[PDB]
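K.L.:
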Amino acid sequence: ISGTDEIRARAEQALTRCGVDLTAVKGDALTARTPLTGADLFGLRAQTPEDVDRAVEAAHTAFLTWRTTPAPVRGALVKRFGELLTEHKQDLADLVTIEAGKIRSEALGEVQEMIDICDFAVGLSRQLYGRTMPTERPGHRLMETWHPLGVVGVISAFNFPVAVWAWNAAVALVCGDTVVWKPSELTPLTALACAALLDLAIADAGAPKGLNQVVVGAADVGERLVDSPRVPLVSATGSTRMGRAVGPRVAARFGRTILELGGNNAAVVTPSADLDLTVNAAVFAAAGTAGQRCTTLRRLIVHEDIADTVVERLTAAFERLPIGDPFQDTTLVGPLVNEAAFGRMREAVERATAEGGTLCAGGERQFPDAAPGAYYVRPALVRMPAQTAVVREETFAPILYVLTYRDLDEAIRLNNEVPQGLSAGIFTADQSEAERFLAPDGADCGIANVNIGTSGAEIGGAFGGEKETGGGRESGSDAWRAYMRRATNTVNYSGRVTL
Amino acid sequence: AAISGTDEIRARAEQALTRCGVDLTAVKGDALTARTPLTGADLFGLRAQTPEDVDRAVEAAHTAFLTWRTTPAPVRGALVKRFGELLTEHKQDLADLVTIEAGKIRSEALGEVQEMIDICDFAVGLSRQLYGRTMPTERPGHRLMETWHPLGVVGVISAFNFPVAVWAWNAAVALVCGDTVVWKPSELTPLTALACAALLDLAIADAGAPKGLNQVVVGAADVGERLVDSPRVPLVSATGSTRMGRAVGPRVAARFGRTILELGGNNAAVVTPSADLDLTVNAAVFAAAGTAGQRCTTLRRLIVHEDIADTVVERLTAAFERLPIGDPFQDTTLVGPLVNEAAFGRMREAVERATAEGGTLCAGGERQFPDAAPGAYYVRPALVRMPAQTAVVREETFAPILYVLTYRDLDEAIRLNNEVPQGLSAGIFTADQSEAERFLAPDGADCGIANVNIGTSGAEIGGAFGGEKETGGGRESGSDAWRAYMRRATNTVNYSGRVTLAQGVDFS
Amino acid sequence: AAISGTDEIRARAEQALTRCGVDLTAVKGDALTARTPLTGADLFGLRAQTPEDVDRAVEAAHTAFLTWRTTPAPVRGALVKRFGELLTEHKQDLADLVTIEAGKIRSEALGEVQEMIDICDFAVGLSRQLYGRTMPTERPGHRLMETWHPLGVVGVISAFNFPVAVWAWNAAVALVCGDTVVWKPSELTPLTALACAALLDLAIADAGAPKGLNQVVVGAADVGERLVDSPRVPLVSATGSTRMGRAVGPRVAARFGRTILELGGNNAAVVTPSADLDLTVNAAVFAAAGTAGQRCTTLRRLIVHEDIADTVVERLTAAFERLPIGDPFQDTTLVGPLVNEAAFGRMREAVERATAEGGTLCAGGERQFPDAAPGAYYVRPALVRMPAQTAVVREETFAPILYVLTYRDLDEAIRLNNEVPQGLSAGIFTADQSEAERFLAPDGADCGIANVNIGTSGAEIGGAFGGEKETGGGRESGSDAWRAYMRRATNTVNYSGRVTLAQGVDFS
Amino acid sequence: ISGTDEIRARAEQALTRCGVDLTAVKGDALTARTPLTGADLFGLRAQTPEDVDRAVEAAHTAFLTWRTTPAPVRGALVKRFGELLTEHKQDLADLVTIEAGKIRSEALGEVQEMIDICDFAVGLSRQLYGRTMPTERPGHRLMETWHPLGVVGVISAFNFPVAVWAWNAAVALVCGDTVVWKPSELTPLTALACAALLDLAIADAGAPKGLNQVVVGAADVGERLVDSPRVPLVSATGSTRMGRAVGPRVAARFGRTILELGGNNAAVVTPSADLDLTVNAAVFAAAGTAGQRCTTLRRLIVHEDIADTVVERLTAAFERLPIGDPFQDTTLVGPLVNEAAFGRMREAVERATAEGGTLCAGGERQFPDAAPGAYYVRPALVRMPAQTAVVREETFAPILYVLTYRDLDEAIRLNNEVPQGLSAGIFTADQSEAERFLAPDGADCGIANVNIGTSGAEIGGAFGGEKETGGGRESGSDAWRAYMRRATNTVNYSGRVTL
Ligand SMILES: O=C(O)c1ccccn1
Ligand SMILES: O=C(O)c1ccccn1
Ligand SMILES: O=C(O)c1ccccn1
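Residue numbers (our numbering), protein chains in the order written: chain A, 1 to 499; chain B, 1 to 508; chain C, 1 to 508; chain D, 1 to 499.
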């Protein structure tokens, strides 16, 4: 396993290359850390709640200029940012691996997501389409226009520490908004590097300095951002608890929220499923990112006629998964984020067996003496007699519960029964089963796929889910509309009014 | 003036209800009462639903939804078409009930029923659209699309002032979107809702549609609160005063539900030096005094350039003095009564406070013929010239009070428009091309509706209706407002038989 | 079988025309004749328009357009709503005329009239949409939008086989788009057009709309040609055989006009090894034999996997032998007559040539009860097994002939589908998820309509209807097909008071 | 004036820098030329009609691969092309000035149009939106999809020798089409440079070589392209004669055309017009590019109450226009393209005075001895008593006809009376007049603007016009739909059919 001194030097190098002034951000209030060894990297300055208020003030002042800057000019800034991200892709990806623990190929993919949404937002900057339409009034004209909203508060999580902010910031900036970003306390360095690169693009563009600001600190900092009367939109990604904080209190001040609170995602495996395809897809979606994606596969609903062979094949695969240092290309499963994540995983597996389940593979901590402060775990495969309490309540860990069904409508009911609703997949060769799964009475999730897993999503699609996932959408399609305000304009050019 | 008697109003209400298919014996009772602002009197008592009845109604609506959501949308549109035909057939009867319960003049009552018919026609068109998207995917041998699906039971909370059109907007759209509806009408206007529901129930019977597609729950606040709190109601659409917002918005958010909120406006019009004054005075009177100042879109603030402020006030003063106030069934009437005594009280307190904050009462504000209908509150709309936009101006009163403010620079007029906490509609009267465009620009008026040379009530079925800030953010009726009634799904379909292998490893 | 007599048909036609408001005395004459495929006989003579009359009709339609184009689209929609109500009222009468002139069975005639009603409902929705766009501009202090405007007079050329629905698609959409219409119906089906126009003229009178919004011109080819050549007709919508294409397309292009061309299809269905054979045989019979093979969307080629080809042919042979052929007014009839003797002649020549090109006639092809109605051509649909897709298979005959081809690899079936010069509709019958998606993929079926587990007539109001290659490229009815009836404008609005100075020089 | 030897060396340098192999393209069949001096630069190889057939075959073979290449991957090629255009912007702009004669600032702007449509097309590559919509059939699903069309024939003109092709090629390539480009015989070098840069992007992307090909030659080459049965779309830009060739014969083989055949564009000047704004706007739109834009202002319809002062101000401005070498930054008006252009201009002015008009300014050839083979002319200002034959028939030269009106509806009628219909503008301070001009009974053109001239257009808008302009649209909004084919798909998953 990579040494902590080596990791710290890599982090400082990447930060410096991305334009971070290490002397200016170091301090004693917070500590950067790495799940690779569990070690603290170095101390950081923190922001206070008054700092948040000052940051919102600076973002709002920037917004007053940015909102009348033509959207194609705002797109030119985002185009330049994408060029800088391309130039520093490896440096940023190193920070993503160091702080989030994800393997390098996934860290590079996450940085590429940033570049791709930049390119998409540059296209959007000439669109942001409203409508023109007839009016019933003679000698009048009617249209619908879209306008910049204001300061956007972005709350992101540890597991996608750069892509979620990029989704929000690339779209928000092209929409004429400004951004105040509160990253996860677990992943501040990625955010500092992102912000420094964007500040460089802002300088090159001659744009206002307050277009984007990062606030580093604990829960009190994020609370102050959520409560700000000058933040009309809060975009929050995290686990379910973040909804009951953020949603209601922003609603209480008549603000808007985009909430994406994770999922408890299932795939249905029908009798005609290609089992090699299904096993590969399930392994990648259940074990990838050590089960720490919003879209992670956590429930496999398998037809009773193939359930035994599917569990046998998955058991063999799970026993073969390469666990290790996420900087090694041979690794598929890196570490969990911290000790509490490991403890919660162990507690879920213990509860599952007490609720009648059978642990088929995985669950054991790997090479603890190689890094006693880090938690490398083999993903767990648990066969369950029913969708019990532990199955319905998501644990943010690599645990794949296997359930059986006979009738497709019951598989759909099992998919839909849980409180979350992010993504779902069906593996089938049957044309009708595929369509039934995607029909109005099929899977109820925001993402519903055929013959690809629960992480099957891309930039051009709206990303998000239903029920306790929170209802928000980000990235593609017309998700941008949540960052602007609609106006309906009637124009009288006839000189008369009804008497 | 001569005001209809309560007994004459009751007889007309009962005739209208019977013609619309309501069983008077079944809906009458002793728990609540129907009433009329025309005299302030109770008409007759009504049976009420309990909170338990609300839960039963929601569960029955959900059962109906389980069938309706797989009924093809064009077939769902056929039901709405049939309902529109019944509304057309009973337009006069329903308009009678709107005048009786809301107090609005006959022509406005007819226009509100026509709004229902028009949104039915619009929703029938939508029933073949409800467009999602197909789009490229980056993955070879895959397809990508976005689809829209029926959401579930929609709870509709409506207000006294548009007792049929708001529900119609929500129900016509929700039904073609595959949703079902539980409607809590205003405690002040139950009869209009009973008549609407009876006509829709006839359409449902004619169509062979599920019986639980729409239900009216008649009750007080505990009935409405139970509807808002139901875990089986994924969307609550609420129209009412600002206080409905902090109620409904956070509560529904707390259970991961969706809301559409339209909580009224404090709407302003800017009058520039080049304004056509005949056009402007007519538009301002209609928008300030119409519906006795009880529209969400009512004109409450007039922001007039200092060069023409004196002549505009003179003309408005004369016009307000000529307003015909009386029984809303008489064709001569332009201004009917306020809804109840509490509305009159709040109006008088606002006018008194405006004069204490430095304002000058230019016209109106007095109760008319109080002895002719002692329980009813007919008032002349008030015109108040204000030296600044003080607290009483920024706090909207649901009453016909028009505050006149002066400005010099257009950016000051825009700031005056935007400074209030509401944000429903705004208008600018100008002959100047650049001023009109500046008012509508991103740094212009901040409202959900922003118009040129038409007042703050200038809106129509085809546009999205709603506003910003404390108005609540929701949109109803036109454009793609229907998307709030459905859930988006993003679908990736793999037909390649292959998946990307993580780290190149094949686990098979 | 028992076939209605010409005199009984004429009496029913005259009753239907009178009920729809046609003045029989005014339209009768000696220039042309109405006829019926049920017996092949002339019904009665009609007055005809001259080419000069066409120019007069176009100029009158243009005068109407000058008023209609500034009539608000929702008001234009109200006219179309009224027309839909009259169509609903006279559905049976109009369907009688469709059966009499086109020869299609009662249920199909009723369905075609219902298509008219449905597109009216759709167009009423469109009348509040006709959406353009608003979008950012790169220029500070400017605004940018895209608007859609009424185009002008639309010339509609329709065919005998859908004598009312095609005009309805064009007219309902054109009218709400602010256009006016001059309609040249098939020389074979004038009475349906006279009845439609009389009902629309009543709607126009009820609405107080301009009288020249729609006119029917009754004539031969010189009347149609004058319409196509008119410099006052910016859009010609033409439905007919392939030969209508090289006529209309280039001529209208030569005067910088626009065309919508839908020139029929040579439509195929692929039957894969996993196809549900009961579903497939029923769908194939309905799509091949329905309307006596005289739909633009008729199934003419069946591309069947070699593993199931023998059993599919056996089942189709038995089904074709059981088809009930007879008078289309009898409820027992599924297959009515071909339109005329020339259609029968071309069918016999194609079947004879197919057997000479190596094919095997499996069922049908014979004229039924020739002595019962000697001037009418009732035929049993032909089923022909072909060893290859030879010339006669690639050249479509407007007759019920189903050619059966075999394949092994799906890419071969797709090539067989795509190899013909027409490109209207295609279908695949399969239980396999990947085959269904492959058929619809960019390298799949090349047609304008491509379906899974539904035949080649699987289309509906909400979709754009039309095809590719020699089908002609046009789209009608649903989605945003309406844009072909309007002109796009891109509007930049400067409110900044400034312009970019070329080379920085201020010439003022 | 720049010397021919200097110009030739600049052209060869720019070509080489853009990757052109000078030995491979030089020949004896055609000659490159420059309007700066009228001189021939050097000889070029030409293609034969069989070469066109071979090029179409190669483009079609490329199309069979490109049409299943995911559109976002096709967008990555266009993104790379835009980067190469940015890198070689000055080199390409030099070739545009040398061949088209336009001043360097306009040549740079035209190359920037290419870069901007590349960025827009990269956004489109994740959109290309069809629809999903309800079906009336129980247990069915309905959608509308868009598919690559095939080989696109592009015919461009001398006056925008790179931007028009870029509009067509960036959109076509993202739409999965391939391109065969026949540039103007007058401007082959720009096309060779564009094609070489795109071939470099294709090589970097690993894309098929036949995605884009240039065919250099005379009318027989373009005719063979237009007639090809494997070219389903022809996009043609040029003067009106190109419509009656291209439109009807492509229609005769059931192909599709996009036609943009220029304009006879007018601006209305109302009594409340800002006259400083109007004079500047009119001078730029009438005299820019020496009157050789499709969007050039050719008709000024001025209210009678201000007509005298507007003509006086325009006369003064026209007398002050800087005519000269388009490589000199002081130049506003460069040369006309060739002697025939000058002759046609002179003939139009002579006809205008015979039809009752008064030449107020301009029309004289400038410094002929400085370059006897080049035609530098001062733009002509002609006051006309009515919209006579010469006013209604466009001459591709800087001639601005001044007409008077009193009632706005008559100004609109004068605007609309001509056979072309590309662009129109109104200069007014009056809110109602502005809206009346843009209303359904207002200006009939494809582009209709307020307080900006007839060249007021940009990437995000659909570009094109009505009537004899030809009806086509290019560039923005959903112009891309003309490059693809619509499919309507009904999917039955219920297992049943109506009996
Ligand atoms: O305030 C208004 O103008 C309004 C409110 C609801 C429904 C219709 N109109
Ligand atoms: O061929 C068809 O199926 C068709 C043609 C025109 C109108 C309706 N249907
Ligand atoms: O005439 C114009 O302004 C034009 C023409 C083609 C491309 C860009 N601009």
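From the three backbone atoms N, C-alpha and C, an ideal C-beta is built for every residue, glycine too.
Could you check what DSSP says for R298/D in three-state terms: helix, strand or coil?
P.N.:
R298/D: strand per DSSP, three-state reduction.
K.L.:
Less than 8 Å between the C-beta atoms of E304/A and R406/A, yes or no?
P.N.:
Against a cut-off of 8 Å, the Cβ pair of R406/A and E304/A comes out as a contact.
K.L.:
Which residues are close to ligand 3, meaning CB closer than 6 Å to any heavy atom, in chain order?
P.N.:
This criterion selects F160/D, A163/D, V164/D, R293/D, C294/D, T295/D and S455/D.
K.L.:
Please state whether the Cβ-Cβ distance between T237/A and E260/A is less than 8 Å.
P.N.:
Against a cut-off of 8 Å, the Cβ pair of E260/A and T237/A comes out as a contact.
K.L.:
Helix, strand or coil, according to DSSP, for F465/C in the structure here?
P.N.:
Looking at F465/C - three-state DSSP - the assignment turns out to be strand.
K.L.:
Which value, in whole angstroms, describes the spacing of the CA atoms of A361/D and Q127/D?
P.N.:
Their Cα atoms are separated by approximately 51 Å.
K.L.:
Ignoring anything shorter than 3 residues or poking outside the region 125 to 206 of chain C, list the beta strand (DSSP E) runs there in chain order.
P.N.:
The region 125 to 206 of chain C contains these whole beta strand (DSSP E) runs: 132 to 135, 142 to 150, 153 to 157 and 180 to 184.
K.L.:
Which residue's Cα is closest to the Cα of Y483/A: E393/A, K182/A, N264/A and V151/A?
P.N.:
Closest option to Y483/A, Cα to Cα, is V151/A.
K.L.:
Name, please, each residue of chain C whose Cβ falls closer than 8 Å to the Cβ of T428/A.
P.N.:
Per Cβ cutoff of 8 Å: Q433.
K.L.:
Against chain D, which members of the region 109 to 123 of chain A pass a CB distance test of less than 9 Å?
P.N.:
Listed in sequence order: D116, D119, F120, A121, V122 and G123.
K.L.:
Give the interface partners of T147/C over in chain A, defined as CB-CB distance under 9 Å, in chain order.
P.N.:
In chain order: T132, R141 and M143.
K.L.:
From the DSSP output, in three-state form, read off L332/A for me.
P.N.:
Reduced to three states, the DSSP call for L332/A is coil.
K.L.:
Measuring alpha carbon to alpha carbon, tell me which of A9/D, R473/D and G38/D ends up nearest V171/D.
P.N.:
Of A9/D, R473/D and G38/D, the residue nearest in Cα terms is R473/D.
K.L.:
Do you know how far the Cα of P335/D is from the Cα of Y375/D?
P.N.:
In a straight line, the C-alpha of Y375/D is about 5 Å away from that of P335/D.
K.L.:
Can you check whether the C-beta of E138/C is within less than 8 Å of a C-beta belonging to chain A?
P.N.:
Chain A contact via Cβ: present.
K.L.:
Please list the partners that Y129/A has in chain C, where partner means a Cβ-to-Cβ separation under 8 Å.
P.N.:
Residues of chain C passing the Cβ test: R133, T134 and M135.
K.L.:
Return no unless some Cβ of chain C is closer than 8 Å to the Cβ of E437/B.
P.N.:
Chain C, which has a Cβ nearer than 8 Å to the Cβ of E437/B, makes this yes.
K.L.:
According to DSSP, is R408/B helix, strand or coil?
P.N.:
In this structure, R408/B counts as coil in the three-state DSSP scheme.
K.L.:
Going along the chain, which residues of the region 442 to 457 of chain C sit with their C-beta nearer than 9 Å to a C-beta in chain D?
P.N.:
So the close ones are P442, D443, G444, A445, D446, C447, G448, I449, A450, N451, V452, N453, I454 and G455.
K.L.:
Which runs of the beta strand (DSSP E) fall wholly inside the region 329 to 407 of chain C and span at least 3 residues, in chain order?
P.N.:
List check, beta strand (DSSP E) in window: 360 to 363, 382 to 385 and 401 to 407.
K.L.:
Compare the Cα-Cα distances from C18/D to each of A207/D, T68/D, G139/D and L192/D and report the closest residue.
P.N.:
For the residues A207/D, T68/D, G139/D and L192/D, the minimum Cα distance to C18/D belongs to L192/D.
K.L.:
Cβ of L279/B within 8 Å of Cβ of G495/A?
P.N.:
Yes.
K.L.:
Does the contact criterion of 3 or more C-beta pairs under 8 Å hold for the region 29 to 38 of chain B versus the region 85 to 102 of chain D?
P.N.:
No: fewer than three Cβ pairs fall under 8 Å.
K.L.:
What is the DSSP secondary structure of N214/C, counted as helix, strand or coil?
P.N.:
Strand, per DSSP.
K.L.:
The beta strand (DSSP E) with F429/C in it runs from where to where?
P.N.:
Run containing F429/C: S425 to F429, per the beta strand (DSSP E) assignment.
K.L.:
DSSP has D432/C in a bridge; who is on the other side?
P.N.:
Note: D432/C sits in a beta bridge opposite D430/A.
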